[PDB]
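Data first, discussion second: the structure below is written as structure tokens.
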Amino acid sequence: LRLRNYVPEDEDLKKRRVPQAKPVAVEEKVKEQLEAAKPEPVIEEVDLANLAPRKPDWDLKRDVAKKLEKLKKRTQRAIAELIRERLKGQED
Amino acid sequence: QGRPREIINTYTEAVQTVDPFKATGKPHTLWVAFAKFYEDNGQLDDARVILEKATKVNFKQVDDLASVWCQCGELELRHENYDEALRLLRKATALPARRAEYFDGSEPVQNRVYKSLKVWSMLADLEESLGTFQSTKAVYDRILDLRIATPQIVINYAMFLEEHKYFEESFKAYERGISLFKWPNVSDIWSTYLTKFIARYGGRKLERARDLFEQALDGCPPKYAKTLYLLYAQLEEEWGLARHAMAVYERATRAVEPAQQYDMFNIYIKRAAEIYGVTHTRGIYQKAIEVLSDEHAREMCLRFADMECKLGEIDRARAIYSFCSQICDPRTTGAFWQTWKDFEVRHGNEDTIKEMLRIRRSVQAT
Amino acid sequence: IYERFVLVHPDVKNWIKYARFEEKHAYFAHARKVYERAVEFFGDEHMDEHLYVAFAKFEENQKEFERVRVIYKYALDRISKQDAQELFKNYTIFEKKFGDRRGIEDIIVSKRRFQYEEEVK
Numbered sequence: 057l058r059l060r061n062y063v064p065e066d067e068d069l070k071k072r073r074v075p076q077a078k079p080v081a082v083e084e085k086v087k088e089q090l091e092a093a094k095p096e097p098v099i100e101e102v103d104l105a106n107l108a109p110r111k112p113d114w115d116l117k118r119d120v121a122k123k124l125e126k127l128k129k130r131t132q133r134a135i136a137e138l139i140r141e142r143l144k145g146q147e148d
Numbered sequence: 368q369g370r371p372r373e374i375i376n377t378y379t380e381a382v383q384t385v386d387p388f389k390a391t392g393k394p395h396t397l398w399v400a401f402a403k404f405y406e407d408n409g410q411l412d413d414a415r416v417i418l419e420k421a422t423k424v425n426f427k428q429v430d431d432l433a434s435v436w437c438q439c440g441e442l443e444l445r446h447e448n449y450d451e452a453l454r455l456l457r458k459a460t461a462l463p464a465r466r467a468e469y470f471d472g473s474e475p476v477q478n479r480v481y482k483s484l485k486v487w488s489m490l491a492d493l494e495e496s497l498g499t500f501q502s503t504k505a506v507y508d509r510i511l512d513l514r515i516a517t518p519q520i521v522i523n524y525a526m527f528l529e530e531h532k533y534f535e536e537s538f539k540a541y542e543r544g545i546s547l548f549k550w551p552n553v554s555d556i557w558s559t560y561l562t563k564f565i566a567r568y569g570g571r572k573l574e575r576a577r578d579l580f581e582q583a584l585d586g587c588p589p590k591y592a593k594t595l596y597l598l599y600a601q602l603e604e605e606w607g608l609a610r611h612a613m614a615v616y617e618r619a620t621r622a623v624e625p626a627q628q629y630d631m632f633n634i635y636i637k638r639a640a641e642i643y644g645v646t647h648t649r650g651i652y653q654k655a656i657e658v659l660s661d662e663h664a665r666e667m668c669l670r671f672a673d674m675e676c677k678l679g680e681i682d683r684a685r686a687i688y689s690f691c692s693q694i695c696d697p698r699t700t701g702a703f704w705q706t707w708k709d710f711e712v713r714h715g716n717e718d719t720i721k722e723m724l725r726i727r728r729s730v731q732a733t
Numbered sequence: 365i366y367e368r369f370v371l372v373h374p375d376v377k378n379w380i381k382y383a384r385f386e387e388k389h390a391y392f393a394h395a396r397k398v399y400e401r402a403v404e405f406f407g408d409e410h411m412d413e414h415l416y417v418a419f420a421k422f423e424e425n426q427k428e429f430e431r432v433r434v435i436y437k438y439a440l441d442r443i444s445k446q447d448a449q450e451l452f453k454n455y456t457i458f459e460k461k462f463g464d465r466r467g468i469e470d471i472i473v474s475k476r477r478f479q480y481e482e483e484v485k
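Chains as they are written, first to last, in the UniProt record's numbering: chain A, 57 to 148; chain B, 368 to 733; chain C, 365 to 485.
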């Protein structure tokens, strides 16, 4: 038998209780950006990736990548079909 | 001790003499020891009769009678008479014909027990161990309708619904418990809810979580809001537009505690600093110099100007230093003038070093 | 006295106060009539979202989810979507309490569709 909500007054019954899922300190992960939160001239060296903007389409390409993965499988199939058909013809 | 008849009599005398309303030491503690003595003697039916008499008592507080009802259940658990334990708690939970308050002292103490957190939580543990899923869930439904539930009990219920793999109901349970409660409490309820959702169903149907994030942000106190802004913008970085993440970061600069806002301005600058950085942070630095206090403004002014130096915008850079010079007392802030001098030596010229000194000496006069 | 008061001061705030008073004491047969008379009286002259949010909560307590959805649709077809956000917010929470995931998303999508259409315009 398994118990999870009450806090039994018998300690012998307390032993039966299921160990409850502890949380994770989300603030600890937040600290990485809080270390990024140091006020600094973030061109700390003349790093052209900061100086020249990226393509904002990389975030768009990231969303298109998932579709491109689906497309890549179909493209690989279609390319293979042409290669199979042509190699068969070129077997002779 | 060692003289059972004397022990039995003095319990009876204690029960007769002690007024619960004047009891120094809570009266149920007598009843527990009274029942325990018979239980130690194996006289379980007499102990039950003691517990029955105990339930008839209208004690000073509901917690006294509630603790008795627990001991009624706990006795049967030790002797594995689990059906009787359920039966007792069914009678304990059993509603008055009125929709009675937990607090109305004119009502009998027995009536008030129906709301009690301890009794319902115990009965819930009984049903989950012994009985069917739907009957167990019906306890939680009553608890929610009666507004008894703590967020921990919701989290227990949520995990229970995940073990029975009806996660849609589990999300409904989180949503109901958010709707009942108020800040700060709601913060941790959101965190557990979002964690569960993002794993299985955040992959599947992303957009509902954005709206759910938006609902979570509503009225949120700044420390918890700060966490939620970063988490939402991360999700925006993981699956949405980067441009929306920047907007959420802009909210973080606005809402949060002012000293932490200065930190949040640096996050807003630094995540920009790759892609947006040269274009966007020039806007953010100007805004920050207007908003923030003199110490943080001077730090912002220098690093904005130094960024323009590395850009080569020497005319704009010296304009920022000129505006900064209004705040930089040439006596104490010598580090500012020297780092400006290091700019005038390396980038500028000897007459531009003098130009800084024309600014320095005239400001020092003022 | 409430009946007399509401006749002297016919304001939406007073009707809600009277209706909630009966509701608290569980005289639901009386409370409903107060809501029914209110939507009759105001409905042909003025339509405040405040009454319908309250009356939805009544039928929610009654568990008449079908009646609740009728109330919200009747309000949504006539009140502009830009004022109906608090209307939508309670409705979307309502569907989050008792509606299926499919039904929840469609009402949310239609709201988002309106929002994105505003972006497009």
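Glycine residues also receive a C-beta, built at the ideal position from the N, C-alpha and C atoms.
Quick one: what's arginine 73(A) bridged to in DSSP? Stepping through the first sequence from its first residue, residue 73(A) is reached at position 17. Within the DSSP secondary-structure output, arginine 73(A) pairs in a beta bridge with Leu59(A).
Going along chain C in order, which residues have a C-beta closer than 9 Å to the C-beta of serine 546(B)? As a working mapping, residue 546(B) is identified with position 179 in the second sequence. Chain-ordered, the chain C residues with CB closer than 9 Å to the CB of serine 546(B) read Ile457, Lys460 and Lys461.
Whole-angstrom distance between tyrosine 533(B) and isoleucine 651(B), CA atom to CA atom: The residue labelled residue 651(B) in the question sits at position 284 within the second sequence. The residue labelled residue 533(B) in the question sits at position 166 within the second sequence. A direct Cα-to-Cα measurement between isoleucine 651(B) and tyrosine 533(B) gives close to 46 Å.
I'd like the span of the alpha helix (DSSP H) that includes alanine 464(B), first residue to last. One-based indexing of the second sequence puts residue 464(B) at position 97. Boundaries cannot be given for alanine 464(B), as no alpha helix (DSSP H) includes it and DSSP labels it neither H nor E.
Distance between beta carbons of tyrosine 541(B) and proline 109(A), contact taken as under 8 Å: Against the first sequence, residue 109(A) aligns to sequence position 53. Against the second sequence, residue 541(B) aligns to sequence position 174. No, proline 109(A) and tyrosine 541(B) are not in contact; Cβ-Cβ is about 40 Å, not under 8 Å.
Taking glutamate 413(C) as the reference, give the member of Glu430(C), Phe405(C) and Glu450(C) with the closest Cα. On the third sequence, residue 413(C) is found 49 positions in, with the first residue counted as 1. Ranking the options by Cα distance to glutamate 413(C), first place goes to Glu450(C).
Using a Cβ-Cβ cutoff of 7 Å, what residues of the UniProt repeat "HAT 12" (571-605) of chain B are near chain A? List them in chain order. Those residues of the UniProt repeat "HAT 12" (571-605) of chain B that come within reach of chain A (Cβ to Cβ, closer than 7 Å) are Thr594 and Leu597.
Give the C-beta separation of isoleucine 556(B) and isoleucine 545(B) to the nearest angstrom, bearing in mind that I take them to be a contact with Cβ-Cβ under 8 Å. Residue 556(B) sits at position 189 when you count from the first residue of the second sequence. Residue 545(B) sits at position 178 when you count from the first residue of the second sequence. Between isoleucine 545(B) and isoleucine 556(B) the Cβ distance is about 5 Å, and since that is below 8 Å, they are a contact.
Please state the DSSP three-state secondary structure of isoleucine 565(B). As a first step, residue 565(B) is located in the second sequence; it is residue number 198 there, counting from the start. Assigned with DSSP and collapsed to three states, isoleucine 565(B) falls in helix.
Work out the CA separation of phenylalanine 406(C) and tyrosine 382(C) for me, nearest whole Å. For this step, residue 382(C) is matched to residue 18 along the third sequence. For this step, residue 406(C) is matched to residue 42 along the third sequence. Roughly 15 Å separates the two Cα atoms.
Taking just the CA atoms, how far does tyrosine 449(B) sit from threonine 391(B)? Translated into the one-based positions of the second sequence, residue 391(B) becomes position 24. Translated into the one-based positions of the second sequence, residue 449(B) becomes position 82. Distance between the alpha carbons of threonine 391(B) and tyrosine 449(B): 34 Å.
If we define contact as Cβ-Cβ less than 8 Å, is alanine 390(C) a contact residue for chain B? Within the third sequence, residue 390(C) is the residue found at index 26, counting from 1. Chain B, which has a Cβ nearer than 8 Å to the Cβ of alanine 390(C), makes this yes.
Is the CB-CB distance between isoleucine 443(C) and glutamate 459(C) below 8 Å? The residue given as residue 443(C) occupies position 79 in the third sequence. The residue given as residue 459(C) occupies position 95 in the third sequence. The answer is no: Cβ separation not under 8 Å.
Where does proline 371(B) sit, in a helix, a strand or coil, going by DSSP? Taking the second sequence and counting its residues from 1, one reaches residue 371(B) at position 4. In this structure, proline 371(B) counts as helix in the three-state DSSP scheme.
Could you spell out the range, first to last residue, of the alpha helix (DSSP H) harbouring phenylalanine 534(B)? Residue mapping note: residue 534(B) aligns to position 167 of the second sequence, counting from 1. In this chain, the alpha helix (DSSP H) harbouring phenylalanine 534(B) covers 534-547.
Could you check if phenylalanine 632(B) is buried or exposed, using at least 16 other CB atoms within 10 Å of its CB as the buried criterion? As a working note, residue 632(B) is residue 265 in the second sequence. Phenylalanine 632(B) is buried by the Cβ-count criterion.
Given this structure, state the Cα-to-Cα distance separating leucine 418(B) from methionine 526(B), to the nearest angstrom. On the second sequence, position 51 is the one that residue 418(B) refers to. On the second sequence, position 159 is the one that residue 526(B) refers to. The alpha-carbon atoms of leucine 418(B) and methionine 526(B) are separated by roughly 35 Å.
Using 8 Å as the limit for Cβ to Cβ distance, is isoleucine 471(C) near chain B? Mapped onto the third sequence, residue 471(C) falls at position 107. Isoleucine 471(C) does not count as touching chain B.
Using a Cβ cut-off of 9 Å, pull out every chain C residue sitting near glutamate 542(B), in sequence order please. Working through the second sequence from its first residue, we reach residue 542(B) at position 175. For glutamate 542(B), the neighbours in chain C by C-beta distance under 9 Å run, in chain order, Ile457, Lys460 and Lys461.
DSSP three-state call for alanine 402(C): helix, strand or coil? Translated into positions along the third sequence, residue 402(C) becomes position 38. Correct three-state label for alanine 402(C): helix.
Minimum C-alpha distance to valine 102(A) - residue among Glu675(B), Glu468(B), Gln731(B) and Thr699(B): In the first sequence, residue 102(A) corresponds to position 46, counting from 1. Between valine 102(A) and the set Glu675(B), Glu468(B), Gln731(B) and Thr699(B), the nearest pair of CA atoms involves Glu675(B).
Rounded Cβ spacing between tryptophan 436(B) and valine 486(B) (contact assumed at less than 8 Å): The sequence position of residue 436(B) within the second sequence is 69, counting from 1. The sequence position of residue 486(B) within the second sequence is 119, counting from 1. Contact holds; Cβ gap of about 6 Å.
Does DSSP put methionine 674(B) in a helix, in a strand, or in coil? The residue labelled residue 674(B) in the question sits at position 307 within the second sequence. Looking at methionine 674(B) - three-state DSSP - the assignment turns out to be helix.
Straight-line gap, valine 382(B) to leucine 397(B) (C-alpha atoms, nearest Å): Sequence index remark: in the second sequence, residue 382(B) carries index 15 (1-based). Sequence index remark: in the second sequence, residue 397(B) carries index 30 (1-based). Their Cα atoms are separated by approximately 7 Å.
Taking 8 Å as the cut-off, does the stretch 75-84 of chain A touch the stretch 610-630 of chain B (at least 3 CB pairs, one atom from each stretch)? Contact between the stretch 610-630 of chain B and the stretch 75-84 of chain A is absent, with fewer than three C-beta pairs closer than 8 Å.
At the level of alpha carbons, what is the spacing between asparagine 61(A) and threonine 460(B)? To locate residue 61(A), count along the first sequence from 1; it is residue 5. To locate residue 460(B), count along the second sequence from 1; it is residue 93. The alpha-carbon atoms of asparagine 61(A) and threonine 460(B) are separated by roughly 16 Å.
What did DSSP end up calling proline 518(B) once you bin it into helix, strand or coil? Translated into positions along the second sequence, residue 518(B) becomes position 151. Three-state DSSP puts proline 518(B) in a helix.
Selection from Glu666(B), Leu513(B) and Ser502(B) that minimises the alpha carbon distance to residue 736(B): For residue 736(B) there is no data in the structure shown, the boundaries of chain B being 368 and 733.
What residues from the stretch 111-129 of chain A come within 9 Å of chain B, judged by C-beta to C-beta, listed N to C? Result list: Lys111, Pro112, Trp114, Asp115, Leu116, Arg118 and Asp119.
Which residues of the stretch 81-105 of chain A have a Cβ closer than 8 Å to any Cβ of chain B? Give them in chain order. Identification of residues in the stretch 81-105 of chain A having a C-beta nearer than 8 Å to some C-beta of chain B yields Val82, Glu83, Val86, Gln89, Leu90, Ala92, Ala93, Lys94, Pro95, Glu96, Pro97, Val98, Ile99, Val102 and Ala105, given in sequence order.
Can you check the stretch 379-458 of chain B for any alpha helix (DSSP H) of at least 4 residues that lies completely inside it and give the ranges in chain order? For the stretch 379-458 of chain B, whole alpha helix (DSSP H) runs of length 4 or above, ordered along the chain, are 395-407, 411-423 and 429-445.
What does a CB cutoff of less than 7 Å around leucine 513(B) pick up in its chain, not counting 5 residues either side in sequence? Taking the first residue of the second sequence as position 1, residue 513(B) is located at position 146. For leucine 513(B), same chain residues with a beta-carbon under 7 Å away, outside a window of 5 residues either side, are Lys482 in chain order.
Could you name the residues of the same chain whose beta carbon sits closer than 7 Å to that of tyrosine 399(C), not counting the 5 residues immediately before and after it, in chain order? Along the third sequence, one-based indexing puts residue 399(C) at 35. So the list reads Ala383, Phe419 and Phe422, once near-sequence residues are dropped.
Closest Cα partner of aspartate 630(B) within the set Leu490(B), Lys389(B) and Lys590(B): As a first step, residue 630(B) is located in the second sequence; it is residue number 263 there, counting from the start. Proximity to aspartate 630(B) across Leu490(B), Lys389(B) and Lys590(B) peaks at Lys590(B), based on C-alpha coordinates.
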